[PDB]
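S.K.: Structure incoming, see below.
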RNA sequence: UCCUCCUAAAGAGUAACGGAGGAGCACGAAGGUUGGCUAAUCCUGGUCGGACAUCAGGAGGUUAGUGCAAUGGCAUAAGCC
RNA sequence: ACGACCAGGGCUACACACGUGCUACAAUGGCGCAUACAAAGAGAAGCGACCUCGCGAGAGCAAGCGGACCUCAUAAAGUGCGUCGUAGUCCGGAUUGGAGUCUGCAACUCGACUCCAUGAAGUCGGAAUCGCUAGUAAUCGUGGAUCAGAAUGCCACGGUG
RNA sequence: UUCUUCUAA
RNA sequence: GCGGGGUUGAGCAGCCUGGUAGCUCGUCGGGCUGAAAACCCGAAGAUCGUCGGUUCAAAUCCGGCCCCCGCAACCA
Ligand SMILES: [Mg+2]
Ligand SMILES: [Mg+2]
Ligand SMILES: [Mg+2]
Ligand SMILES: [Mg+2]
Ligand SMILES: [Mg+2]
Ligand SMILES: [Mg+2]
Ligand SMILES: [Mg+2]
Ligand SMILES: [Mg+2]
Ligand SMILES: [Mg+2]
Ligand SMILES: [Mg+2]
Ligand SMILES: [Mg+2]
Ligand SMILES: [Mg+2]
Ligand SMILES: [Mg+2]
Ligand SMILES: [Mg+2]
Ligand SMILES: [Mg+2]
Ligand SMILES: [Mg+2]
Ligand SMILES: [Mg+2]
Ligand SMILES: [Mg+2]
Ligand SMILES: [Mg+2]
Ligand SMILES: [Mg+2]
Ligand SMILES: [Mg+2]
Ligand SMILES: [Mg+2]
Ligand SMILES: [Zn+2]
């Protein structure tokens, strides 16, 4: 996990989409390749799409997701079973 | 003989017999006995009830046998209902911390399951 | 008989108040507390039954009626006549002295106790519960025993409804919710 | 090996796999390292239905006692 | 009751860590010194503690300050 | 007498495909199809590689 | 060879290589008597308990029971201790 | 475009089979305090004392050294004393939940380490099979190259023997 | 004392 | 018409007065071998022919059946 003296990590181009989402009032999917971004409490209720190498999957950001990073909710290896 | 819900053994030394509580190991057991004044190399037999009743309030500061199994299970089921990566690792049966699953992930996956 | 003395001076006035009973004989009184250890794995030998009987003769101060199977079922490999579980029916003077020891001592000595239930009154006020281990009672010495027993406590009372047994036990501070 | 492949349009996709199938590979059974020319022969045939019960009809008969 | 079949039933002393000497009747016989009882069990204090549902933002803003 | 025509024989002479594992190609002597992608074929997907046979089989029938 | 039902036509009987099943035992109590008791099954609640042991009510009213086939019996019980 | 740039992803998957390894199953030991003895290397965007803070990983500040000078660096097994008394244990450490630190735009997929908790299998391993003739096998620690960080591998070095 | 075999460039 | 049989993939035991499944081979995983045999080692498998029934319980007991194996189907 990241240091606490640095603060949590989010990307600027995600931050200039969340504040755009809070202002102009949209339920639009914000598709974002930043899997490494810690969810901020203003991101709660934002339908944001997180890349998983191939496609985007909508992560409806619940309150219970604030500590965790966006890539935990967009799994990249699609596994079903060997038989 | 009885601390915090369970029946601690009576022949072991005090920093060893307290370890039976789900919630202390050896470092927190040395911190339980750090404020009860008890020398850490006495047995649970030949103690005092004035010492054992003092000893339970030391254990009552920290989270133990019944109360610790519930915060752990709430934290694991927190990951289940999120459906995060850590939650999928718990509800499939595979190791969560990113270990090897190609060879010898046996502690989560149980014994060997041959091809039918 | 402390709680029966406690029944006749505070419980009767409380239940006549909140239910508006006509007659004082209409109040729910408890009738019997039945202590079963149905030990179905006592078909192995006598000693899993006759010792578990004596673990209940310590809890309730009575020798238990070692009961037998009513019919024969074959999923359990028992026949009609095998002794399969011992019970104790407690009435009067030794009912309340048990019911004093139950709600005071034996209930807070349960490992991971968070409270009893309130959906456990068998439709007609008779509160039927059950405990997981026989050593919640101080009667059972922890050292001298060997097997994790378990009994189920069944309180039978003359409540016609279901809430009237739910309110009778709350008069004796019974740990529900 | 004979495998029945049950799916939609199996014969429309695998009727063009009839005939031989030559290989030229340095094999596993060859110990001098040389390369051998082998073959197999695949014959994809469809699932024709069963003949079913030919029930003799007592008007197509001629019974001589 | 019957004259033989029942065990020795005696009024005893049941003290606790809240000092409550309480005289019950029982088959234990000896002077009983309990550990927790109905007076000192946290069914009325600590059961609102032990659920630990918690909030997530109030934990997250606690770690640092913007 | 309908799988005898489909097999034909088993020798190296009556083939339809080859699989040259040194230079890694799958020819197809019905048309030409000398394409140098065999590890896509032998391991798996010939899904767009039965398809060129069907076009010239359609060309046997739309040119009728 | 014996027992039970039907064919047997409302007393008894009544045939067929007619339709159905049983018996060639058991029991020193499974007999005698006195005292007492009331079944199957299902819903609900309940430690391990599971569709089903035991336990607690309730429904139910003999669908249970009889050492066994079938019929006629049986609560005063012929059933159960 | 089979060339090229980028972003995220993959090489880190998991019904399983094998190879090479480390840590074990303990009493010739585990833990606790004390105390003795090395060799060989590395280092300037680097090695970083001392000092204060933190349970600890580490943080603040700042000497010294291109080094037989200063730093990394305390060698450990050992010896003395105490305890454990043959139990899945004061053996074992997997695994998991919190709570952290550091490196790095960035530790979710996937880093190492720390702290508290949890304490699986394992009680010396079937058929079989491997290494080794003397400072050897055995067991103990140390160092380096690679590297921002990331070894139980590799290449070196000594200690008991 | 038993102890077989190695297809085709 | 009367006997006997149906038991893992296959060839078969055992069903004993009902409480419970055995073998040879085949199969799986390792071992040996340059590799495949042979051999060594670890293994797993059954809803006991079908559908009813009687018993608390049926592979076993009873009744009917579908195949299969025999035997007898004759005096005219
Ligand atoms: Mg512990
Ligand atoms: Mg008549
Ligand atoms: Mg007549
Ligand atoms: Mg009789
Ligand atoms: Mg009578
Ligand atoms: Mg009689
Ligand atoms: Mg890239
Ligand atoms: Mg790789
Ligand atoms: Mg292995
Ligand atoms: Mg020692
Ligand atoms: Mg240890
Ligand atoms: Mg370095
Ligand atoms: Mg310090
Ligand atoms: Mg030492
Ligand atoms: Mg041992
Ligand atoms: Mg630890
Ligand atoms: Mg074990
Ligand atoms: Mg030599
Ligand atoms: Mg490095
Ligand atoms: Mg041959
Ligand atoms: Mg072989
Ligand atoms: Mg059977
Ligand atoms: Zn108290």
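S.K.: Among the residues of the stretch C:1-50, write down those that are over 21 Å from residue C:157 (Cα atoms) and without any contact (Cβ under 8 Å) to a residue 24 or more places away in the chain.
M.R.: Within the stretch C:1-50, C:41, C:44, C:45, C:46, C:47, C:50 meet the criteria.
S.K.: Hey, can you tell me all the residues within the stretch C:65-75 that are in a loop (DSSP other than H, G, I, E, B) and surrounded by 13 or more Cβ atoms within 10 Å (Cβ to Cβ)?
M.R.: The one that is in a loop (DSSP other than H, G, I, E, B) and surrounded by 13 or more Cβ atoms within 10 Å (Cβ to Cβ): C:69.
S.K.: Take the conditions within 8 Å of RNA strand H (Cβ to nearest atom), surrounded by fewer than 11 Cβ atoms within 10 Å (Cβ to Cβ) and within 11 Å of another protein chain (Cβ to nearest Cβ) and apply them to residue B:115. Does it pass?
M.R.: Judged against the criteria, residue B:115 is a match.
S.K.: Just checking, how many residues over the stretch D:7-29 are surrounded by 15 or more Cβ atoms within 10 Å (Cβ to Cβ) and farther than 12 Å from residue D:39 by Cβ?
M.R.: Residues meeting the conditions: 6.
S.K.: Out of everything in the stretch C:105-126 that is more than 13 Å from chain B (Cβ to nearest Cβ) and touching a helix residue (DSSP H, G or I) at 6+ places or on another chain (Cβ under 6 Å), what residue ends up being farthest from residue C:29 (Cα to Cα)?
M.R.: So, considering only residues that are more than 13 Å from chain B (Cβ to nearest Cβ) and touching a helix residue (DSSP H, G or I) at 6+ places or on another chain (Cβ under 6 Å), the one farthest from residue C:29 (Cα to Cα) is C:106.
S.K.: How many residues are more than 12 Å from ligand 23 (Cβ to nearest atom) and touching a residue at least 24 places away in the same chain (Cβ under 8 Å) if we restrict to the stretch E:34-49?
M.R.: Count: 0.
S.K.: While we're on this one: Taking residue A:33 and the conditions (1) within 19 Å of residue A:57 (Cα to Cα); (2) free of Cβ contacts under 8 Å to residues at least 24 places away in the same chain; (3) away from chain E (no Cβ under 14 Å); (4) out of contact with any strand residue (DSSP E or B) (no Cβ under 6 Å at 6 or more places or on another chain), which numbered condition does it fall short on, given that it satisfies the others?
M.R.: For residue A:33, the exception is condition (4).
S.K.: Among the residues of the stretch E:56-66, what is the count of those that are surrounded by fewer than 12 Cβ atoms within 10 Å (Cβ to Cβ), at the interface with chain A (Cβ under 10 Å from one of its Cβ atoms) and closer than 26 Å to residue B:64 by Cα?
M.R.: Total meeting the criteria: 3.
S.K.: Something else: Does residue C:98 meet the test of being surrounded by 13 or more Cβ atoms within 10 Å (Cβ to Cβ) and under 22 Å from residue C:154 (Cβ atoms)?
M.R.: In short, yes.
S.K.: Which residues, counting only those in the stretch C:148-174, are surrounded by fewer than 20 Cβ atoms within 10 Å (Cβ to Cβ) and under 24 Å from residue E:33 (Cα atoms)?
M.R.: Listed by number, the residues that qualify are C:148, C:150, C:172, C:173, C:174.
S.K.: Further question: Being more than 9 Å from every other protein chain (Cβ to nearest Cβ), within 11 Å of ligand 23 (Cβ to nearest atom), part of a loop (DSSP other than H, G, I, E, B) and surrounded by fewer than 10 Cβ atoms within 10 Å (Cβ to Cβ), is that true of even one residue in the stretch E:16-30?
M.R.: yes
S.K.: Can you tell me which residues in the stretch A:36-62 are more than 22 Å from residue E:57 (Cα to Cα) and out of contact with any strand residue (DSSP E or B) (no Cβ under 6 Å at 6 or more places or on another chain)?
M.R.: Correct list: A:51, A:52, A:53, A:54, A:55, A:57.
S.K.: In the set D:43, D:3, which member is surrounded by 12 or more Cβ atoms within 10 Å (Cβ to Cβ), within 27 Å of the chain's Cα centre (by Cα) and more than 21 Å from residue F:20 (Cα to Cα)?
M.R.: Within the list D:43, D:3, the selection yields D:43.
S.K.: Given (1) more than 23 Å from the chain's Cα centre (by Cα); (2) more than 11 Å from chain A (Cβ to nearest Cβ); (3) more than 7 Å from RNA strand H (Cβ to nearest atom), identify the lone condition not met by residue B:102.
M.R.: Among (1) more than 23 Å from the chain's Cα centre (by Cα); (2) more than 11 Å from chain A (Cβ to nearest Cβ); (3) more than 7 Å from RNA strand H (Cβ to nearest atom), residue B:102 violates only (3).
S.K.: A follow-up question, please. I need the helices (runs of 4 or more DSSP H) fully contained in chain B, keeping only those with at least 1 residues that are within 16 Å of ligand 23 (Cβ to nearest atom).
M.R.: Helices (runs of 4 or more DSSP H) meeting the threshold: B:49-61.
S.K.: Tell me which residues, restricted to the stretch B:32-58, are under 13 Å from residue B:4 (Cβ atoms) and within 14 Å of chain C (Cβ to nearest Cβ).
M.R.: Listed by number, the list holds a single entry, B:56.
S.K.: Report yes if some residue within the stretch F:5-25 is within 13 Å of the chain's Cα centre (by Cα) and more than 9 Å from every other protein chain (Cβ to nearest Cβ); otherwise report no.
M.R.: Checked against the condition, which is being within 13 Å of the chain's Cα centre (by Cα) and more than 9 Å from every other protein chain (Cβ to nearest Cβ), the stretch F:5-25 yields at least one hit.
S.K.: Can you tell me which condition residue B:3 does not meet? The list is (1) free of Cβ contacts under 8 Å to residues at least 24 places away in the same chain; (2) under 18 Å from the mean Cα position of the chain (by Cα), and all the others hold.
M.R.: Of the numbered conditions (1) free of Cβ contacts under 8 Å to residues at least 24 places away in the same chain; (2) under 18 Å from the mean Cα position of the chain (by Cα), the odd one out for residue B:3 is (1).
S.K.: Pick from the stretch F:26-58 the residues that are over 21 Å from residue D:41 (Cβ atoms) and assigned to a helix (DSSP H, G or I): which of them is nearest to the other protein chains (Cβ to nearest Cβ)?
M.R.: My answer is F:54.
All Cβ positions, even for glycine, are placed from backbone atoms using ideal geometry, and neighbour counts span all protein chains on display. We did not get these values from a lab; they are worked out from the coordinates using the rules stated.
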